[PDB]
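Engineer: pasting the first bit of my complex, frame unchanged:
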Amino acid sequence: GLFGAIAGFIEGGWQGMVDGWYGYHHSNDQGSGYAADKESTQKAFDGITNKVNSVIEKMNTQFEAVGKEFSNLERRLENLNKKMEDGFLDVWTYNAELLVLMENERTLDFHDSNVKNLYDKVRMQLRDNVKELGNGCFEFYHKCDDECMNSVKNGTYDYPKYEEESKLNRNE
Amino acid sequence: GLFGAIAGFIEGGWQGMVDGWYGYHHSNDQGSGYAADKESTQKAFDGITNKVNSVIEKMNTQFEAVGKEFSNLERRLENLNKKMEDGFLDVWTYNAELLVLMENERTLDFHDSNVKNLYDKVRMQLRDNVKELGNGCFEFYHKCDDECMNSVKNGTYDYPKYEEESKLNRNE
Amino acid sequence: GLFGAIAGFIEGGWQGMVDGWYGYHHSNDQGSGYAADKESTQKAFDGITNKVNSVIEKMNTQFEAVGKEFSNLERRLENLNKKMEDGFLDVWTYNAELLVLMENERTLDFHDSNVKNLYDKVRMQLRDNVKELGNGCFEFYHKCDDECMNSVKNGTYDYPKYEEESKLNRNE
Amino acid sequence: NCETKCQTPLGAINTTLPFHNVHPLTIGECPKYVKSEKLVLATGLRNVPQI
């Protein structure tokens, strides 16, 4: 995509997460499974609803054309009425189609940004205690069990605590 | 944000920099304080002024409706005049509100890009001579005093010169 | 730029690649030269053509004003006709200029995203077998000859195969 | 006894701003009329409280 997460490294998506839009799954000898991010998904959902309510209501007022009849000595006036109403229909039609197109593209790239950002957010957290596989997955230089996996999720995985085991554990 | 710098890792901003929009502060045993980037801030300011002068002047020409009176046998003509002038007001109102909304969002994400980009610009410079804390701060594998801090600022911090001290200095 | 690749680290561009929009050149003792990416360039080209065909055809219908004459007792009707046709010209003119401006900016930043993304795509592939110079170039911790350079291009450079030579080869 | 460069039936206008929600029918060199309540241009960036 535009931020390179989707059809970038992540390369596809998981039918196995119904919990929300994006998230994780892990391999712990302890256990493995799909759990999706509360905060990011929430945010994106809110933003989107705001976008659709913002568009559909940005035509609340908008041109509506009703009726008219003219004599055959009124021909100019008739043509003028026609050209105007037609003109406005054209205008609002353009406005609508275009706004939809833009907001669409902007929406998709928006999702991209969300993903890539979530990723970078994880990376800047766990960074040197793990290898980035380049596929959008983090291989461990130690064991983070699950409580602490969920500590990764909640945003504090407590770096220095797990620093040393991986510090010696890595190399080789 | 969209580029993840603001309300991303940087997490907040410094009331202690009045010097411009974004920049740095450092801890040198030599000294510490807030100094903000000349070039980036300058650029962003220019771009923004160009955006506002671009919008406010994108309505210079724009529809202005003055007066009219019709007889009571002119009722159709009156209604047509009304529908047209109203129609245009609606149109320009939409155009304005919408343009503002877009340019706003695009402006904010713009600032984001500026920040994240400045950061990445620093990182790609100092990279292996320092630890990224993940909070948007760079911890040193050597001492960069201040002249050389300002060499970081000016864009050439002279990597290989300081390479070795940190090369052995790191690990542990 | 917005994604920081152009007039960011890459700092300029190569008159020596006519093969397409963006790509690489390498130094192999084996050989050196400019070759540009098939897939990315193709994609961008397609997207752009879609953008221009999308704009130029988003006015296919659009207001066209033909003729009219009024008596000197028709003055109000005349002024109304004038105000309307003028009004629409103004409207479509605005629509056009604006759409062009946006699609332009969005196009340039689009190219940026393409570049930065291609780069990150390479990096996430070769990562620890090479040093990022920060200038937008990758220095080798081993020899990738050319077949395998073209394996970098085709997207599988076979990491673990070349892992060890660089694993010991690096440090120092 | 007031003087103005722009007049509306509801009152006059002294403004550097290129827009008004006041009245559709004006006389003078005037800012452009719209039906908006608020028009607000972001200049700076978002405010994140220092934490």
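Structural biologist: Great, that's in hand. Residues are numbered from 1 along each chain as shown, chains lettered A, B, ... in the order given.

Engineer: From now on I want contacts and neighbour counts done on CA atoms only, so please keep to that.
Structural biologist: Fine.

Engineer: Backbone dihedrals for residue 28, please?
Structural biologist: Answering for chain A, as no chain was given. Main-chain torsions, residue A:28, degrees, to the nearest 10: phi -120, psi 140.

Engineer: other chain: chain D
Structural biologist: Backbone torsions of residue D:28, given as degrees, to the nearest 10, read phi 140, psi -160.

Engineer: give the contact list for the closest residue to it other than its chain neighbours.
Structural biologist: Closest residue in space to residue D:28, ignoring its immediate chain neighbours: residue D:6 at 4.5 Å, by Cα to Cα, 6 or more residues apart in numbering or on different chains. For residue D:6, the contacting residues are D:12-14, D:26-30, by Cα atoms under 8 Å, 6 or more residues apart in numbering or on different chains.

Engineer: Among those residues, which are located in strands?
Structural biologist: D:12-13, D:27-28 (DSSP state E).

Engineer: out of the contacts of residue D:6, which are buried?
Structural biologist: D:12-13, D:26, D:30 (16 or more other Cα atoms under 10 Å in any protein chain shown).

Engineer: returning to that earlier point: distance-wise, check the residue nearest to residue D:28 relative to chain B.
Structural biologist: Separation of residue D:6 from chain B (Cα to the nearest Cα, to the nearest Å): 13 Å.

Engineer: hmm, what's the outermost residue in chain A?
Structural biologist: Taking Cα atoms, centre = their mean, the residue of chain A most remote from its mean C-alpha position is residue A:73, at 58.8 Å.

Engineer: Can the host helix or strand of residue A:115 be said to contact chain B?
Structural biologist: For residue A:115, the element it lies in under DSSP states H and E is helix A:75-126. Yes. Contact of helix A:75-126 with chain B (Cα under 8 Å from any Cα of the partner chain) involves A:81, A:84, A:88, A:110, A:113-114, A:117, A:121, A:124-125.

Engineer: Mind picking the one among those residues that's closest to residue C:4?
Structural biologist: residue A:113 (15.3 Å; Cα to Cα).

Engineer: Quick check, the closest one in contact with residue A:6.
Structural biologist: No. Look at residue A:113 against residue A:6 with Cα atoms under 8 Å: they stay out of range, at 9.5 Å.

Engineer: Of these two, give the one with the bigger neighbour count.
Structural biologist: The residue with more neighbours, out of residue A:113 and residue A:6, is residue A:113; 22 against 19, by other Cα atoms under 10 Å in any protein chain shown.

Engineer: show me what contacts the more buried one?
Structural biologist: Going by Cα under 8 Å, 6+ apart, the list of residues near residue A:113 reads A:2-3, A:5, B:2-3.

Engineer: List, out of the residues you listed, those positioned next to chain D.
Structural biologist: When Cα under 8 Å from any Cα is applied, no member of those is adjacent to chain D.

Engineer: Append chain E to the structure above:
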Amino acid sequence: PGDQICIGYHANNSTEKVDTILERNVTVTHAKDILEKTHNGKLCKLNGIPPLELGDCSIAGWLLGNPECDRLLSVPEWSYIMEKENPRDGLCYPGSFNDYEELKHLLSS
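Structural biologist: Just below you will find chain E, in place on the chains above:
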């Protein structure tokens, strides 16, 4: 022990709030109000030249010389014309006025 250099942006006491498509009311450092919501509630001269107030009289009543329109018998140059919605004094003797609106529009110039 060490040396370090951070990176960050501005911030202030500003409550100034904008909107966007993606996000509703949002507080930012700086903004410009491009809309003028205020008027002095007065009717004024226009570049030193005062309007012609028709008072209780219509345009017809004026031009025709309705007796109730008197001070209007002689009048200086004007920047514009102030007339009421439904003025009291027009045609005292009942009647009709042909192409009245076309005439008033003519007067706009």
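
Engineer: so, the contacts of residue D:6 revisited with chain E in the model?
Structural biologist: By Cα under 8 Å, 6+ apart, residue D:6 lies in contact with D:12-14, D:26-30, E:46.

Engineer: Now do it against chain C, distance only.
Structural biologist: Using Cα to the nearest Cα, residue D:6 is found at 21 Å from chain C.

Engineer: What of residue E:18?
Structural biologist: Here residue E:18 is placed at a distance of 21 Å from chain C (Cα to the nearest Cα).

Engineer: If that residue is in a bridge, with which residues?
Structural biologist: Beta-bridge partners recorded for residue E:18 (DSSP bridges): residue E:26.

Engineer: list the helices and strands whichever helix or strand comes after the helix holding residue A:115 packs on?
Structural biologist: Next along the chain after helix A:75-126, taking DSSP H and E as the criterion, comes strand A:130-132. The contact analysis (3 or more Cα pairs under 8 Å, 6 or more residues apart in numbering or on different chains; DSSP states H and E) places strand A:130-132 against strand A:138-140.

Engineer: Would you mind listing the buried residues in the strand it packs on?
Structural biologist: Quick answer for strand A:138-140 (16+ other Cα under 10 Å): A:138, A:140.

Engineer: same thing with stretch D:27-41?
Structural biologist: D:30-36, D:38-41.

Engineer: what's the answer for stretch A:24-42, then?
Structural biologist: A:35-37, A:40-41.

Engineer: quick one: residue A:132 and residue A:139 touch, right?
Structural biologist: Yes. Look at residue A:132 against residue A:139 with Cα under 8 Å: they come within range, at 6.4 Å.

Engineer: hang on, the earlier thing: can the helix holding residue A:115 be found next to chain E?
Structural biologist: No. Contact of helix A:75-126 with chain E is not found when judged by Cα under 8 Å from any Cα; the minimum separation is 8.9 Å.

Engineer: residue of chain A with the smallest distance to chain D?
Structural biologist: For chain A, the residue closest to chain D is residue A:61, as judged by Cα to the nearest Cα, at 10.5 Å.

Engineer: and that residue, what is it in contact with?
Structural biologist: Residue A:61 neighbours (Cα under 8 Å, 6+ apart): residue B:90.

Engineer: so it is in which element?
Structural biologist: Per DSSP H and E, there is no helix or strand for residue A:61.

Engineer: Distance-wise, check it relative to chain E.
Structural biologist: Computed as Cα to the nearest Cα, the residue A:61 to chain E distance reads 18 Å.

Engineer: Check the spacing between that residue and residue A:92 real quick.
Structural biologist: Using Cα to Cα, to the nearest Å, residue A:61 is found at 11 Å from residue A:92.

Engineer: ok, now residue E:42?
Structural biologist: 37 Å.

Engineer: Also residue A:105?
Structural biologist: Applying Cα to Cα to residue A:105 and residue A:92 gives a distance of 20 Å.
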